[PDB]
Each structure stands twice: as structure tokens, then as C-alpha cells.
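Chains as they are written, first to last, in my numbering: chain R, 16 to 216; chain A, 8 to 27; chain H, 866 to 929; chain G, 35 to 177; chain B, 25 to 141.
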RNA sequence: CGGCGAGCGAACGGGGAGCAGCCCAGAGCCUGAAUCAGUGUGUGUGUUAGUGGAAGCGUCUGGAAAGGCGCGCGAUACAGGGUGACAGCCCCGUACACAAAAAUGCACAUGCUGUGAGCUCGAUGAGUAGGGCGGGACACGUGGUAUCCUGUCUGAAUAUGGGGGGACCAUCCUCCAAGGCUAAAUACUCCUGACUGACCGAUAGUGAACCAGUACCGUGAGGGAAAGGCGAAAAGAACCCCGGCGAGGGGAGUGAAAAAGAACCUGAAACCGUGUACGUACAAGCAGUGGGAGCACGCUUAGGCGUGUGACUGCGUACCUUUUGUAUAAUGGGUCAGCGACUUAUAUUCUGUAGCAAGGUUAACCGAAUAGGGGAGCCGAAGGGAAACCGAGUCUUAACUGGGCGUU
RNA sequence: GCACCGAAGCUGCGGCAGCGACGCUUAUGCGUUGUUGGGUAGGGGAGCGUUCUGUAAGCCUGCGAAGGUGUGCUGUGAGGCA
Ligand SMILES: N[C@@H](Cc1c[nH]c2ccccc12)C(=O)O
Ligand SMILES: N[C@@H](Cc1c[nH]c2ccccc12)C(=O)O
Ligand SMILES: [Mg+2]
Ligand SMILES: [Mg+2]
Ligand SMILES: [Mg+2]
Ligand SMILES: [Mg+2]
Ligand SMILES: [Mg+2]
Ligand SMILES: [Mg+2]
Ligand SMILES: [Mg+2]
Ligand SMILES: [Mg+2]
Ligand SMILES: [Mg+2]
Ligand SMILES: [Mg+2]
Ligand SMILES: [Mg+2]
Ligand SMILES: [Mg+2]
Ligand SMILES: [Mg+2]
Ligand SMILES: [Mg+2]
Ligand SMILES: [Mg+2]
Ligand SMILES: [Mg+2]
Ligand SMILES: [Mg+2]
Ligand SMILES: [Mg+2]
Ligand SMILES: [Mg+2]
Ligand SMILES: [Mg+2]
Ligand SMILES: [Mg+2]
Ligand SMILES: [Mg+2]
Ligand SMILES: [Mg+2]
Ligand SMILES: [Mg+2]
Ligand SMILES: [Mg+2]
Ligand SMILES: [Mg+2]
Ligand SMILES: [Mg+2]
């Protein structure tokens, strides 16, 4: 598997198993969903009858008044105070096997090439911490929406793009599944490629 | 209104034993 | 919380190879002298829990 | 492309809801039937219970006795030992190859098939069929 | 996620009251009452779609009959004729002609009489 | 462990977080020497006010531009709020860079007080251990019951000594009770600050979005409500008319809107009227449904067509529940609106589906924090037997022609 | 003894759906064609709509969003569109 190195046409040579494999939709869909879950925090309200504020006095006699039975003023059937199955803060984190996570990234990369949404480059960096610079580089490179996975990550490339909305920059380890799919184009330095090459084995 | 006090008795009361 | 094994049953059944259960026969613990040797003899070797009771035993021994 | 993914067909069964109307199929009664202990919140009877009748796991006698020595004896497949790392399959060593478990103090070798690399087994026990297979593969079985 | 409910509710309710338009008193005002009125109307209809075909046939047969008698022959004989009148098949409604074209009818009666001779 | 019922439920060992060790039972010399606290000072660092902080205009619709369209500009600042509709460039901020006269938290550094350091030679926790009786604790219900605590009565040895190794004895091994101190990993949030949410949005959410623990109820403890929205801006209606120098209303005027007029956004439903069409005073019942004229209205060019009504007519005893069975004179509902009932967590098993495959997978935890590390461990690849043990067999028996469970 | 009336039974015409086979043709769907489709407890299958997250700094919207009230169309229905 060779990849057109874009700028200095050179070819990079990458693993066919990690860049030329068939797209396993289901398997990715499990991981992307999983990642979207676990984005979640718990943080949730609602007072069971056990925790609404009132005494536990029976509102009125069992029998005698022409009234429905009635037992606790906190009853879910009654008005103020209730909630039959009040929620609690909860954890939505899923598992995702090691081999399934990796399995998904591969199906994702190996699809980004197939739509040449992945353009790999020898070196990528901006010359100063100024957004306008980066805005221009992208302009010149014909890009708006981009992931740009740098090799080791530098100060200036990060501070630019902090304010460009459709563009983010991550180091090699920072690669997550939604992002790969999120942006219209993933850049990635040829240096990063080798990192990823191994991370996925 | 102010209008809000109901102390409804117990049935009301008189009679009934209805053969046993 | 983990299910608790119905401890009494644990002490009367053992999961076998194919997933059966085997038990000791009843009727062999006292008042013996009046029972045929043939009968008592047949009550020594363990035996499989029947198809009908499998449901019960399993529900008693989730960790069998 | 983040709204073009979809799960494998029949990987996400909807799951009974019940109690929501005639059409649903599980309305009103909610598949619980009419009356009795088994309907009703928190209904049901405990495991093993079979009406007040003396339960199976009580009609039948206990016959236990737990070896406790057995708990510290492992069994070894021929398929192992090749993976022991060092051609000497020792009292532990297997232990280090994570095929026994620390607490173990005894071990048989068992004809569970397939040994190739010559290996010498030391301080273990070994079945008639296993010894033969080891030896016939250039192995040695010293006590 | 708490569900407002109640916008869809009046949708369901008004969906029914609309069907109850015309009914007397509560039957057209009060949902609880209307939902019943609406159902049973449906029930009768489903029934009366089958009744309709009964009612009209005996309507037809009734007037087929007078016209037959008018031309001096009972319905009994008269259908038997047309049956026997060398096969030949013809709706009891289409004997419509009994009201709008009485010569054509009498003409049909004769053809029937002949087969019975 | 256990009316061996219901249930209760360890430890050994292993992977991790954090790791730390010291005094008294004392006298001699040397003496205030380590150290700790309390305290004054100093310093640094946080805190309790603060400062600076980029860049937008044209035009269209409109009551109003932040909106559309055009063309510029800042961005280490596109977090967020506001402004007459949705604003990176109007405002307040944000990133970023800065600031403390004073008082303080925290570290060190010392001053003052109190305190002891150090070397030599000593000392080594008795009404205690153990036992008897009664209870209580240990997962352990007295059980074959070690071990721990003690209300009661007792009562040692003292290093050649003593404790423990789950009755108990021997041997072995291992520890030193009957004095204390000790940081971190652990728990919690009345309250302070900042930030977040597949959390609620006025019958929800705190009981309380509102001057609510109020009004109210109760001798008292104590119980305990209802009730949010004019508009962009009050511009909150000068003046005139009816009326009782009224209530209420009609004009006028403000406004995009007054049908937004304060009983004020939206303004549903029950419920009550005015107006019009059609039916209805010889007719009997779940009130509709199938048929169906007439009338009023639209049609169409007619053409037994749409809408509304519905003479007359066939059929026709509501719903729920509960029941062998209900028009039932058996239950429940006066009506509307809003709310109101199979959830959540952890285990276990089955189905589907996905990964990998004789292997599969990690837990805590580390963390460049959904990655990567971590295989402690769990499931499976071998079964049989109560068990020792044997092993593709094994158990049964002296032994199987065998048989039981297993080997595909 | 021959008529005839009479049911949601049989037949006829049109339509839907499951299971069959046969022919057109197989990431199937057609055309036939035989057959099946009352239903409480209850088991199985497939769906509508509501709230909220992403997709979405997109898209619709003061040239009128949500809600309310009519009307037309559409689906087997929960509904949908205008
Ligand atoms: N008449 C009373 C019955 C009754 C009889 N004795 C009473 C004493 C107290 C109250 C009620 C009663 C009723 O309507 O139910
Ligand atoms: N049972 C009697 C007397 C009576 C009246 N009220 C009562 C209440 C309770 C007991 C009895 C009564 C009657 O009704 O004529
Ligand atoms: Mg109480
Ligand atoms: Mg009542
Ligand atoms: Mg509440
Ligand atoms: Mg991981
Ligand atoms: Mg015995
Ligand atoms: Mg019931
Ligand atoms: Mg019953
Ligand atoms: Mg039942
Ligand atoms: Mg191991
Ligand atoms: Mg018929
Ligand atoms: Mg400022
Ligand atoms: Mg500014
Ligand atoms: Mg001591
Ligand atoms: Mg202490
Ligand atoms: Mg409230
Ligand atoms: Mg409201
Ligand atoms: Mg209003
Ligand atoms: Mg009349
Ligand atoms: Mg009458
Ligand atoms: Mg009559
Ligand atoms: Mg009865
Ligand atoms: Mg019944
Ligand atoms: Mg009946
Ligand atoms: Mg009646
Ligand atoms: Mg009744
Ligand atoms: Mg039916
Ligand atoms: Mg909405």
C-alpha cells in the first residue's frame, strides 16, 4: 500500500492490513456509538415518593369519608410530589474490546483513503502562533474542514486553529473514531502515519 | 379567595343496621 | 449483587460432563433392615436429575 | 458521513414495553394474566419452592465432602509445555507461563494431545499415554 | 428526557370529536362519550355494509314480484322461467326494467312463461 | 455457617493506591544540642478590590436588524450574556498580559516562649495470661470450635521464659501481650469560587422561580398551600360623552399590534349565550347505522353532483371491569384539561449481532485519560470419582460378559 | 312432487398479506397459481409519534417558527404532507 505523499511526491508505503482493508460498517458503528455514549455525564434529578417533602401521615380515614383510599401525600398518583421511577445519576460508559476498537480505526482509515479524504504529507507546521497564517495555509492547500494529525505537535500549530471552528489539530495519540469521520478531510503528517501504523499494529 | 376550609365529617350519621 | 447459590442444593447435586447433575438416591439413610437387598443395592450408585426437575436445580445453582 | 452509519440488522431488538394499549399486544394486564400471586408488584415465589410440597433439593440426601487438596492440584495439557519457555517443564515454571496458578503444588501431564519440541519434565506426574507421547517426541521424564 | 405529552393528546381527542360531529348532546361534545359514539357507529356500518346488499335484494325482489303478478305470474314461477329459459342470467336489480320499461318487463315475463309451457 | 430452612458468608494468596516510623516504663555524664506545638518577624506563593484587552460597513425586508445579499477586517479572543428579530468586529466579556496600601491560608527562614536532643550502662508493661460460670464478638447459631471481649469467681511463667500456628498432643516454625504516639492512600459538604449536563421548565423543577416555612390549620408537637409572562420602550390611555363628582362603557390618543388596556403573550376543552339554515307540537326505547325524500345553499351547463339539515324507513339494549355468563336492576366514571402505573443497578442464563478463536478478555490502577499500558484474574480447551487418585478414560466390584458418567 | 325466499357458508369481480410450489428472473422483484388470514389469557413479528444528543456554525424561519383553528390530499393503521 503506497500513499501519494502530496507535496514532495515520494510515496510513504503503509501496511495493507491497516490501510487497504474492507470497510466493516457494523463494527465501526458499534465503536462510534460507544464513543458518543460516555461522552455523557450522569447528573440527574427526581424525587421518589421516599424523598419528596412531607410527613407520612395518612391524609384521611381508610373507610367512611366518601373518598378514594389515599395513603401518602407523596404518592405518584397525587399531584405535587411523586415520580414513580425517579432517575439517579448514571454511567453510560460501554466497553469496546481492544481488538474491536483497533478493528474500527482500520476500517475507518482504510475508507478515508478510498474516498481520498486522507491526504498525507511530509511535515506540516505553521511558522507563528497566528490563526490567520493557518487560515492561509489551508486556503492554499484547498481546505476548510480538517483534522491534521501532527507528528509530535507544536505550540504555534495548536494556537492557530483553536479559533478556526471546522479545523482541529491532534497529536498522534489523540486520534479518536468520531473525529476521523467528523471532518471532511483528515491531513496527517507522514511522520504521524508511522506512529499510527504501529499503534494499530 | 380565602375561601378554603373543608372539614367533611364521617359519613353523616343517623340509622342503618340492615338485618342481620 | 451476585446471585447467591441456594446453598442446600449445592450440597446435593454436582454438575456432570454434558451439563447434567447426578444426585444420591433418597430412601437409604435409615429404617433399612426391612428393605430388600435388591432395592437398597440399586439405591447406592448416583443418578441423574430427571428432565422435569432440571428447571428447579438450575435456578438453585446459578454458579454450578 | 456521521449520519450514514447504521447497526447490523437484528442487532438492536426493540424490547417489550407493555401496558400501553390494546394494539400493542401487551396492554392492560401486561402479559401477566389474571390475578394471583404471580401478578401483582413484587409477586413470584422463591427458587426451588414447589408449593408447600417438600422440595427436590430437600427430599434428596446430602453427599458432599470437599477435597481441599484437590484445590491446589492443576492439570496440564500436552498442548502446553511447548509454551513453557526453556525446554524444562518444572514444578512451577508452567506457573510462570501462566498455565497453573501460584497456589498449585501438584500437576499431572495428561494426554491432551500434541507435543513436538523435545522437552524434559521434572517433578510432575504424567500419564501412561502422556509419557509415551513425550518420549516419542524426544522428551525425557525424570522425577 | 421528560415528555410534555398533551399536544399529541388533543390531537387524538379532536381526531375523535370530529368524527362525532352531528351526534346528540354529549355524543358530540364530550370525548369520553364521543369515543364510544364514534366506535359503535363504525360497528353498525361494518354490519350494515353487509345488510345493504340484503336490504336491496329484497327491495328488488319485492318489486320484481308485483310486476310479475301484474303480468299474471308469481315471482316463484317467473324466476324459474328465466332460469329454465334456455339458461340465461340477469340481475334481480337489473329487473329495474320493471319500473322504467314495463313493456320490456312484460316481454321478459312472456319469455319466461314460454319456458314453463 | 444455617429450624443445614429462610438466609449469612470469610480467609490464604495475587494485582493496585499510598508508604514511615518513633517514644515511656531511667539514672549517669554532657545539658539544653534534635524535634513539636504556641507564637513574633521575614520571604515567597495563593486569597480578599482591580487594569489593559483586537477587529463592520453597504444595502434589502421590517415598528425595530444582529437576519438575507455584497465586500472588508481581528482571531493565542468564534466561552457566554445583552442590545427593538439570529452580532467574532454596538455593549459587557473572552484569549492574553498585568496589579495589592492592608489582612490573611500555605510553605519555607529565623526571633521569643514551652519542650527535650546526645553518649555510657541499664530496664522490657500481673489482679495480667490462662481457667470456671454467664453473655457478647469473630462469616462461624456450642458445634469436634481454635481465636477475641468481659459481668462473676479465680490466677501463672518471666528468656533455660512466654503467645500463636482453628479441638488436642509431639516435633518444627514463628512471633513477643498485659504503656503510648504517629503522616499518606480513605469519608463527608452547612458553606466559598469557577465550570459542566442526551436534567426539569410553573400540576414539572426545591414545599417555596412570587416578601414561603409565608397565609392558613392545630392547646401543642406539628402540618402546610395557592400564586410566574402588557410592550422593544410606559409611550400605562390628555381631552370629550352616558353614569350616582360611581362601577362599567364608547370615542379620542400612544403603539407593529388595544382584537397587547393592566381581570393584559399564546388563549385549547368542559360550560353559557346571540345570529342564520334545516328539522320538530299523532309520536314511544343506547339516539346511531343502511336507505332516504324535502329544504337551504353552492355546483355543473343540466344530468338523481358537493355541503348543511334529516320527514319517513330496515337494523339496533353505552364503555370498563369482573365473570360459566352482564342491556343488566352487578363495579367504576357528572364533564374537560394537565398529571397518573413494568423502572434502575448489579449478577446469571438464553436469543440476536459483532470481534477474535483453541483460545477469548482483562479488574483495579497507571495514564500522553474513550487511546496506550496493566492478563492479578475469569471463561474454555478433560473427564470420572464423596475422596486419595487415575486420566481418554474413570467409577462401580475380587473381577466384570458388564453397567453409570465421559471421549465425537 | 316441482318451485322460490333465505347467512358474513359456496361462487363471481376488484384488493391486501403469510406460506408454497412453476415460470419471468436471483446485494430479488415480478407474473401467475394453489393455499391460509374469528379470537380472551398469552407467545412471535413489524411499525407510528412524542421529549432529548449527534449529524447541525447545516437546513427552515418576521416575505411569519412553535402552539391554536379550519381545509385539501395521502397511508393498512399509529400517522404524514400541504
Ligand atoms: N347513616 C349513616 C350510617 C351510620 C350509622 N351509624 C353511624 C355512626 C356514625 C356515622 C355513620 C353512621 C350513613 O349514611 O352512612
Ligand atoms: N339498626 C336500627 C337502629 C340503628 C340506627 N342507627 C344505628 C347505628 C348503629 C346500630 C344500630 C342503629 C335501625 O336502623 O332502625
Ligand atoms: Mg409514617
Ligand atoms: Mg366520590
Ligand atoms: Mg416533584
Ligand atoms: Mg483501554
Ligand atoms: Mg446411612
Ligand atoms: Mg386485572
Ligand atoms: Mg384466579
Ligand atoms: Mg396467574
Ligand atoms: Mg496466572
Ligand atoms: Mg349476501
Ligand atoms: Mg476592564
Ligand atoms: Mg473588546
Ligand atoms: Mg514486651
Ligand atoms: Mg491511636
Ligand atoms: Mg411549584
Ligand atoms: Mg402555561
Ligand atoms: Mg392576552
Ligand atoms: Mg306531524
Ligand atoms: Mg319518548
Ligand atoms: Mg310501539
Ligand atoms: Mg357471579
Ligand atoms: Mg374467564
Ligand atoms: Mg349481552
Ligand atoms: Mg337503568
Ligand atoms: Mg351498572
Ligand atoms: Mg376479527
Ligand atoms: Mg417541540
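No residue lacks a Cβ here, since even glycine has one placed at the ideal position from N, Cα and C.
How do the region 49 to 58 of chain R and the region 109 to 119 of chain R stand: do at least 3 beta-carbon pairs fall below 8 Å, yes or no?
In the pairwise beta carbon analysis, the region 49 to 58 of chain R is classified as touching the region 109 to 119 of chain R: at least three pairs are separated by under 8 Å.
Residue 14 (chain A) (DSSP reduced to helix, strand or coil)
Here DSSP, grouped into helix, strand and coil, assigns residue 14 (chain A) to coil.
For residue 888 (chain H), three-class secondary structure by DSSP
Look at residue 888 (chain H) here: in three-state DSSP terms it is strand.
Kindly give me the distance between the Cβ atoms of residue 95 (chain G) and residue 891 (chain H), rounded to whole angstroms, as I take these residues to be in contact under 8 Å.
Residue 891 (chain H) and residue 95 (chain G) do touch by the CB rule: their CB atoms are close to 6 Å apart, below 8 Å.
Hey, out of R:158, R:206, R:205 and R:194, whose CA is closest to residue 2 (chain R)'s CA?
Here chain R has residues from 16 to 216 only, and residue 2 (chain R) is not among them.
Against chain H, does residue 99 (chain G) count as a neighbour if the rule is that its beta carbon must be under 8 Å from one of theirs?
So no, residue 99 (chain G) is outside the interface.
Beta-carbon proximity list for residue 888 (chain H), same chain, < 7 Å, skipping 5 on both sides
Result list for residue 888 (chain H): 877, 878, 911, 912 and 914, in chain order.
Under 7 Å Cβ to Cβ from residue 134 (chain R), same chain only, skipping five residues before and after it: list those, please.
Result list for residue 134 (chain R): 21, 200 and 202, in chain order.
Where residue 161 (chain G) falls, given that 16 or more other Cβ within 10 Å makes a residue buried
Burial call: exposed.
Could you check where the alpha helix (DSSP H) with residue 93 (chain G) kicks off and where it finishes?
In this chain, the alpha helix (DSSP H) harbouring residue 93 (chain G) covers 90 to 93.
Is the beta carbon of residue 77 (chain G) within less than 7 Å of some heavy atom of ligand 9?
Because no heavy atom of ligand 9 lies under 7 Å away, the Cβ of residue 77 (chain G) does not count as near it: no.
On a CA-only basis, which of R:24, R:75 and R:68 is nearest residue 17 (chain A)? Give me that one, please.
Selected option, being the one with the closest Cα: R:75.
Got a sec? Which residues, its chain only, sit under 7 Å from residue 175 (chain R) by beta carbon, not counting five neighbours each side?
The beta carbon of residue 175 (chain R) sits closer than 7 Å to those of 141, 144, 145, 146, 148 and 149, all from its chain and outside the five residues before and after it, given in chain order.
Among B:78, B:34, B:83 and B:76, which has the Cα closest to the Cα of residue 59 (chain B)?
Closest by alpha carbon: B:34.
I'd like to check one pair, residue 208 (chain R) with residue 67 (chain R): are the Cβ atoms closer than 8 Å?
Contact flag unset, no.
Partner residues on chain G for residue 44 (chain R), Cβ-Cβ distance less than 7 Å:
Within 7 Å Cβ-Cβ: 39, 40 and 41.
Excluding five sequence neighbours on each side, which residues of the same chain lie with their C-beta closer than 8 Å to the C-beta of residue 64 (chain G)?
52 and 53.
What do you reckon, is the C-beta of residue 70 (chain G) under 7 Å from a heavy atom of ligand 10?
Under cutoff, so the answer is yes.
Does residue 42 (chain R) come out as helix, strand or coil in the three-state DSSP assignment?
The answer is helix: DSSP assigns residue 42 (chain R) an H, G or I state.
Do we get a CB-CB distance below 8 Å when we pair residue 18 (chain A) with the residues of chain R?
Output row for residue 18 (chain A): interface = yes.
Where residue 48 (chain G) falls, given that 16 or more other Cβ within 10 Å makes a residue buried:
The Cβ neighbour count for residue 48 (chain G), taken over all protein chains shown within 10 Å, is under 16; the residue is labelled exposed.
For residue 87 (chain B), tell me which candidate among B:124, B:104, B:64 and B:137 has the shortest Cα-Cα distance.
Out of B:124, B:104, B:64 and B:137, B:124 has the C-alpha closest to the C-alpha of residue 87 (chain B).
Along the beta strand (DSSP E) that carries residue 872 (chain H), what are the first and last residues, could you check?
For residue 872 (chain H), no beta strand (DSSP E) run applies; the uninterrupted alpha helix (DSSP H) run containing it begins and ends at 872 to 875, by DSSP.
Which runs of the alpha helix (DSSP H) spanning at least 4 residues fall entirely within the region 142 to 215 of chain R, listed in chain order?
Correct list: 146 to 156, 170 to 174, 192 to 197 and 205 to 214.
Alpha carbon to alpha carbon, how far is residue 132 (chain G) from residue 100 (chain R)?
Taking the straight line from one Cα to the other gives about 47 Å.
Which residues share a DSSP beta bridge with residue 29 (chain G)?
Residue 29 (chain G) cannot be examined here, being either before or after the span of chain G that is shown, 35 to 177.
Quick test of your reading: residue 52 (chain B) and residue 44 (chain B), contact by CB under 8 Å. State the CB separation rounded to the nearest angstrom.
Contact holds; Cβ gap of about 5 Å.
Please list the partners that residue 36 (chain G) has in chain R, where partner means a Cβ-to-Cβ separation under 8 Å.
47, 193, 196 and 197, listed in chain order.
Chain H residues whose Cβ lies nearer than 7 Å to that of residue 94 (chain G):
Going along chain H in sequence order, the residues near residue 94 (chain G) (Cβ under 7 Å) are 877, 888, 889 and 891.
Can the beta-carbon of residue 166 (chain R) be found less than 8 Å from the beta-carbon of residue 191 (chain R)?
No.
Output the distance between the C-alpha atoms of residue 92 (chain R) and residue 49 (chain B), rounded to the nearest integer angstrom.
If you take the alpha carbons of residue 92 (chain R) and residue 49 (chain B), they lie about 32 Å apart.
Please compile the residues from chain G whose C-beta is within a distance smaller than 8 Å of the C-beta of residue 884 (chain H).
Neighbours of residue 884 (chain H) across chain G, judged by C-beta separation under 8 Å, do not exist; the nearest C-beta is about 18 Å away.
Report the option in G:37, G:155, G:87 and G:138 whose CA atom is closest to the CA atom of residue 103 (chain G).
Distances from the alpha-carbon of residue 103 (chain G) to those of G:37, G:155, G:87 and G:138 put G:138 closest.
Rounded to a whole number of angstroms, what is the C-alpha to C-alpha distance between residue 127 (chain R) and residue 885 (chain H)?
In a straight line, the C-alpha of residue 127 (chain R) is about 53 Å away from that of residue 885 (chain H).
Kindly examine ligand 3 and report whether one of its heavy atoms sits closer than 7 Å to the Cβ of residue 69 (chain R).
Within the chosen limit of 7 Å, ligand 3 does not reach the beta carbon of residue 69 (chain R) with any heavy atom.
Report the residue from R:117, R:18, R:132 and R:25 whose alpha carbon sits nearest the alpha carbon of residue 42 (chain R).
When only C-alpha atoms are compared, the closest one is R:117.
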